[PDB]
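> structure for this input, please:
(chains A, B, C, D, E, F, G, H and I, ligands or ions: 4)
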Amino acid sequence: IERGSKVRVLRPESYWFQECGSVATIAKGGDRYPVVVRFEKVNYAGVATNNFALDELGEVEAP
Amino acid sequence: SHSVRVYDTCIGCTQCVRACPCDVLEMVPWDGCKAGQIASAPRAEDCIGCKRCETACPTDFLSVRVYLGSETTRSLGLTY
Amino acid sequence: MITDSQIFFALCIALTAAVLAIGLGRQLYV
Amino acid sequence: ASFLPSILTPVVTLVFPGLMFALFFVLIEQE
Amino acid sequence: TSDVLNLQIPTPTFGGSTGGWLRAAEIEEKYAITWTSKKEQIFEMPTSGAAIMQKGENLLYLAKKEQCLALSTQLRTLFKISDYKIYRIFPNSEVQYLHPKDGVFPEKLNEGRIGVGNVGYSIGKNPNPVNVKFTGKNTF
Amino acid sequence: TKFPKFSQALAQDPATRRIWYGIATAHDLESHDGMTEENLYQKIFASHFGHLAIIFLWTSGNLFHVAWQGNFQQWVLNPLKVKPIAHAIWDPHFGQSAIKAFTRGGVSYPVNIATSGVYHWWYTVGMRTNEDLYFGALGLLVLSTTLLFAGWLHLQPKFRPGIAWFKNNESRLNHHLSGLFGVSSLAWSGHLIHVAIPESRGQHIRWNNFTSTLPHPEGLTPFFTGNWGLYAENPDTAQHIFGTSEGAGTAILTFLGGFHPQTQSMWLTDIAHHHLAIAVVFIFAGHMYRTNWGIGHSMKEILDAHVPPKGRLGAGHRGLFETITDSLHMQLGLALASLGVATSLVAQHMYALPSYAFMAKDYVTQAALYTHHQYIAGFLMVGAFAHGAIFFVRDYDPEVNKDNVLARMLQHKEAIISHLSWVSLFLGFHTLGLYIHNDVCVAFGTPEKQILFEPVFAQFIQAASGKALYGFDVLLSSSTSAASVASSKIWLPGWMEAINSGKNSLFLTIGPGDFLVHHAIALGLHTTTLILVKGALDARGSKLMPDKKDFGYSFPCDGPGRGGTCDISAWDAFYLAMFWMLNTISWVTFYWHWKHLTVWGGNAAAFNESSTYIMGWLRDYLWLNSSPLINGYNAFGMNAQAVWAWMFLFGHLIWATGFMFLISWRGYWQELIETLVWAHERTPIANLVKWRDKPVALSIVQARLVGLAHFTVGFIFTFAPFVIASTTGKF
Amino acid sequence: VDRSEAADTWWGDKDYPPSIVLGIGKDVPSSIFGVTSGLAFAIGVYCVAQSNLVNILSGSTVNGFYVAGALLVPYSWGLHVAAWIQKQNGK
Amino acid sequence: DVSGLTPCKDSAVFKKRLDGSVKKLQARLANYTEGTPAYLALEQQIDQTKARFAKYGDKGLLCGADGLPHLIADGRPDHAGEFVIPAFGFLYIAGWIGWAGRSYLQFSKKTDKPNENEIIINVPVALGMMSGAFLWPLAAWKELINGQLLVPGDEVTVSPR
Amino acid sequence: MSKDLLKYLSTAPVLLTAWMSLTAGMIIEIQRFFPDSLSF
Ligand code: CLA
Ligand code: CLA
Ligand SMILES: CC1=C(/C=C/C(C)=C/C=C/C(C)=C/C=C/C=C(C)/C=C/C=C(C)/C=C/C2=C(C)CCCC2(C)C)C(C)(C)CCC1
Ligand code: SF4
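Numbers count the residues shown, from 1 in each chain, chains lettered A, B, ... in the order given. Ligands and ions are numbered 1, 2, ... in the order given. You can find the structure just below:
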């Protein structure tokens, strides 16, 4: 939604579904999932980052 | 044979292909991803189903996904 | 006391049932 | 009668199931 | 490259093993892997044992594409041999070139490759099984 | 044309797993190649016909064997002493000693002593001679013949029923309620009144004279005049002897309650009145639903309207009609749950209220029947839950069940699973802790420190039902209460005596051991429900695998990635919950068997003292009562229980062999089979003999299935022997 | 009844059921429903009391009229729910 | 009194159990000589047994036909000491424990390194949380009313239905 | 007793063992001083 913002994930299949994450990067064109949300709660694989689209995120607190 | 599929959440990090021990997966050009490449499975008949692609996939859920199905000599991986 | 003829009659009906069972199994198999 | 156990039990529990196993094996090994 | 093999290359020096093909590679399908080495040197077979790859050309027979690919990974990550080619040999002697199909390893993109098995939506958007009930398709 | 014709994938499968999976998915008709719904329903219908024919053939076989080789006529004269014979033994492996030992029951040939109660059932029902049993066997054979022909017929082109007819719910339910339950129960009441009560009272009513003999001296004139109390007037006297006219009454329909004093089974007049009334109710209820005549109900309308105000249960029951009538797995799950509950009900009710003459004193039959029906109830419940899971993963449509009462279950499945986990944890923690406290306290020579909670609530129920030794003086125990006074001329004058008589299994005295074992039973039920409910709710997806529905119901795993995904398919939930079903039913049956052995032997102060700690169960039930079984054959000789000892060890061996498939998994055996394939192919002579299917290790789900199979068969064999032999050797 | 031939009786979006749920009594007014429900409750409770509370039931004293009138007590419940539904639907 | 049980003080089976235990101890007493540590320990132990039985007799416990105390857990205040008062005591203690844990978790989640704080406990503040959890029923009620106890579910991870 | 050793003593298993030690000792002393309390 905006870089450095806290956003709630709304993707149903996400490990972080209905949980907050910090946006680190939003890309230009191209990527169907431009936003890059960084979490602190590692999923089962171990990664704490994932790419989401703008529609799959809802801001809770701004930078 | 097992069915290998790749979804557009691919980020083109080319790790499933390296984890592949049967040369089932291969990077092809793609407009969607920033890296400009997407995994694809043109040799699914050689799939055995060890799911090292699924293990190596770093997406929150797997861009590369394998469904086990009809079994064969190759899929069973029998030397006889 | 069950008689030999009684046992044989029951066995005959059982054999008829067996033939019908083979028929039903065939028709379920097709 | 007391004849029939001897006539039927071995016929039905050695011969028939052996034939059925043979038939099933031969059938499943077709084509 | 091409669907053909010399079928006369000198093979690695190996003392034999019980891990090789058994009455099925000659009836259904065998596999071959051919590479080139700068020095005559020792390596570990996918089948249990140790062999000596010869100087220059080397050819090996195996029973599994997995075995051939495992040997290939060994060659790449130990001896830095990256010219290997893998073939499938049928009982009718047809030879099919399989692994470096475009002449380059699959992990590096090429301009001519077309996508097989690609889905245009995220993984969590497949139809339910009830939708495909009593239909020949599947939910992917 | 290869074996799995229904599955072309297995047809191309080259390994030995083809045969296994073909046999395994033979009856999974929904997922067969080229299957349509209409063909599926017709095939299911024909298979049902064949199954009914199997049931009636089994019944006819039991009847014919008791008629031909059983001592039914001798047993009729002296039911309490002569042991019923199941069938003759034909075994060339028997020695002279075994021949002499198994020659029993007042016959000259080896035999098996019946423990199914069929003798008591048929004697109560009205069978007195082998000829009647033989004619029953003949008629059941003819019935099975007709059912097989019907199954064959209903697959023919012109006789193949349609999908609309199959999905006609209202007509099917109307007919099942009114005729299958109602008129069939009416027929049974008529049979009792016409053939069973007269035979108990010393009248030989059969087909040749049932048309001439009047069941009641007045006839149907009381029935038509409405003076139906004349059918209750003159009941059987307390001095009545079953099967004789002395002390016999004329009443055909009574409500005396209690038990028949001589036989210690409920009155046949009471049972006939039960079946007559219950049928009235069911025949009425079978006119509920609308079928071709306007008047009636619409089940879809009922479900659609039943939505509480303000959306309390979301959209209510909207869509449930469509899901139930479209999905056969939901119907199967509902049927299995209801039938498992009914099986538990009959198991709990037959022992407390025996219905067959002289069954109460037949201790082996009672234990065998209770164990049998409790185990089948557990299996049916597990199956109900498994098919609920299959429905969720295969037939559940969220678009139809948008905001539904069923969809809200998935919505708060996390709360449900967490709370089932909480209650299971609490029950197990506290029950195990109290048992260990009692164990240590009795161990340390100070049983006074035992924490012994009186089951005050169950005792209160017993007092309200009529028990008086507790002294609660509530409801029926207090003669004065409205509950005790309103029914004081129908059933209480007999029921009060029956319940307060200490010679009966009706409402057994209970204590701290009963408290603790009941909490253990609660733990077992709750944990089995936890595993099963979790499997059903997580079958569609989970945080570790949101796309599980794509994989389906029974798949091996998702691989070692994401930390490992073992037993994630929700079939493995069923396979796990089967262990707990076996565990809880075993606890139930141990409780039943030990309490009843003590009560029958007249020392209830063995259960009341020792059952409070676990070593009491290990010693005064298992170890103490295992002697007559394990002494079936020894170095000095053999007894008639040697078969039970051999089957005891047999069940032990199968239970043990199951651990192999449950513990050791496929990779070891696959590599070992590679070695064996090498050896067979490389040895001379034998390598001319060559397989067709490539031999492979058993699949993962296949081996889980085999290991669980060996476990369960094992369970049942071991307890069957121990429950049938120890009772015989102790009484 | 089939899937198609079934009335639209779902009312989760509204405050009261449609009157169609009452079937044959979809037009009888709330006044009739309430009066009949009250008479049914009184008569049925009278019958039950006369059968089992005021008197003691027995084989020689069970009364068919009282037994039948007992079944008017659940009918009374249904009639009172119906009275409320029709009052809310405006009939 | 209730359930057919009788008070343990007037229980012949209870008295015989006491007498039997006493006779067992005195029988084993024969091996040891007067004044030895084993003899004095057995004397202490038999005194303890008699004191225990007298205490059970005086407390009003009900003894069954087996002659052992049976605890009546039905809520009657005559037998409150059997379950109700121990139940309240445990509920208070367990609430104390859970509140200490939850409050320390709330503190640690705001720490710069919550993952390391989970292993390495900050003992100075852990002691403070443990002490302050003594008044958990009022603290939990306050958090309930302010809405800081139950996170809205629209904010908890949930698996695809 | 440097800050590092205090940190090590503050680690989870050491603290678990210490607290459960104190708890078990408390329970055992309550048993010694108020023994055989099958009631309140
Ligand atoms: C399912 C019921 C059932 C069962 C469990 C048994 C069991 C037995 N019968 Mg049989 N029997 C039955 C019904 C049954 N019978 C019926 C209805 C009749 C005709 C009235 C007979 C007539 C009969 C005779 C005359 C004799 C036996 C004997 C025996 C014994 C040896 C096995 C044998 O060869 O018998 C089978 C013999 C037959 C002639 C075949 C009967 C066909 C039945 C009805 C098939 C039922 C199939 C079942 C429902 C499902 C399929 C089973 C399987 C394919 C999975 C054994 C205890 C022998 C005995 O007494 O040994 C001590 C013996 O001499 N039986
Ligand atoms: C921080 C403490 C804490 C708190 C507040 C809770 C709270 C809860 N747990 Mg528990 N739980 C805890 C730790 C805690 N848990 C730990 C460490 C584990 C791993 C063993 C579990 C495992 C667990 C399971 C498996 C389940 C629960 C459940 C529950 C709920 C019911 C209460 C219950 O029965 O507890 C049960 C308590 C236990 C099984 C053991 C607790 C362990 C110790 C004794 C307490 C930990 C205190 C901690 C060391 C304090 C440090 C603070 C200090 C530094 C100041 C509730 C939400 C159940 C649920 O979901 O219900 C809805 C449920 O199924 N919990
Ligand atoms: C998952 C799933 C499923 C399944 C489920 C199940 C399997 C269930 C079960 C369940 C159960 C199994 C239940 C049970 C129940 C019961 C009850 C609910 C009971 C009740 C009772 C009562 C009410 C009683 C009362 C009384 C009387 C009447 C008399 C006497 C007294 C008393 C009080 C006791 C299905 C298929 C649906 C589908 C979906 C999903
Ligand atoms: S997400 Fe998986 S398939 Fe896509 S590039 Fe990364 S490793 Fe390859």
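> okay, now residue F:65: neighbour count?
By the measure other Cβ atoms under 10 Å in any protein chain shown, the count of residues near residue F:65 is 19. From N, CA and C alone the C-beta is placed, and that goes for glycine too.
> ok, and the closest non-adjacent residue to it?
Nearest non-adjacent residue to residue F:65, counting by Cβ to Cβ, 6 or more residues apart in numbering or on different chains: residue F:87, 4.2 Å away.
> what lines up beside the helix or strand hosting the one you found in the sheet?
In this structure, residue F:87 sits in strand F:85-88 according to DSSP states H and E. According to DSSP bridges, strand F:85-88 has the following sheet partners: strand F:111-113 (antiparallel).
> chain center to the next helix or strand after the strand it pairs with, what's the gap?
For strand F:111-113, the following helix or strand on the C-terminal side (DSSP H and E) is helix F:118-125. Relative to the mean C-alpha coordinate of its chain, helix F:118-125 is positioned 20 Å out (Cα atoms, centre = their mean, to the nearest Å).
> what are the buried residues along helix F:118-125?
Residues of helix F:118-125 classed as buried by neighbour count (16 or more other Cβ atoms under 10 Å in any protein chain shown): F:118-120, F:122-125.
> then stretch E:101-120?
For stretch E:101-120, by 16+ other Cβ under 10 Å, it's E:101, E:105-107, E:109, E:113, E:115-119.
> tell me if stretch F:520-527 is near ligand 3.
No: Stretch F:520-527 is not in contact with ligand 3 by Cβ under 6 Å from any ligand atom; minimum separation 9.5 Å.
> CA atoms only: put that stretch into PDB for me.
What follows is stretch F:520-527, C-alpha atoms only, in PDB (Å, rounded to 0.1, in the frame of the first residue of the first chain):
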ATOM      1  CA  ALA F 520     -11.600 -42.600  31.300                       C
ATOM      2  CA  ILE F 521     -14.400 -43.500  28.900                       C
ATOM      3  CA  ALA F 522     -15.000 -39.700  28.500                       C
ATOM      4  CA  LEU F 523     -11.300 -39.200  27.700                       C
ATOM      5  CA  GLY F 524     -11.500 -41.900  25.100                       C
ATOM      6  CA  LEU F 525     -14.600 -40.600  23.400                       C
ATOM      7  CA  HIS F 526     -13.400 -37.000  23.500                       C
ATOM      8  CA  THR F 527     -10.000 -37.800  22.000                       C
END
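> name the strands paired with the strand or helix carrying residue E:57 and say parallel or antiparallel.
Per DSSP H and E, residue E:57 falls inside strand E:56-62. The strands beside strand E:56-62 in its sheet (DSSP bridges) come out as strand E:30-37 (antiparallel).
> the very next helix or strand once past the partner strand near chain B at all?
Using DSSP H and E, the helix or strand that follows strand E:30-37 in sequence is strand E:41-44. No: contact of strand E:41-44 with chain B (Cβ under 8 Å from any Cβ of the partner chain) is absent, the minimum separation being 16.0 Å.
> what's strand E:41-44 in contact with?
E:12, E:50-53, E:74-75, E:78-79 (Cβ atoms under 8 Å, 6 or more residues apart in numbering or on different chains).
> what pairs with that strand, parallel or antiparallel?
strand E:50-53 (antiparallel).
> and the strand it pairs with, which residues are buried?
E:51, E:53.
> ok so, going back, now the strand holding residue E:57, how far from the centre of its chain.
With Cα atoms, centre = their mean as the basis, strand E:56-62 stands 13 Å off its chain's centre.
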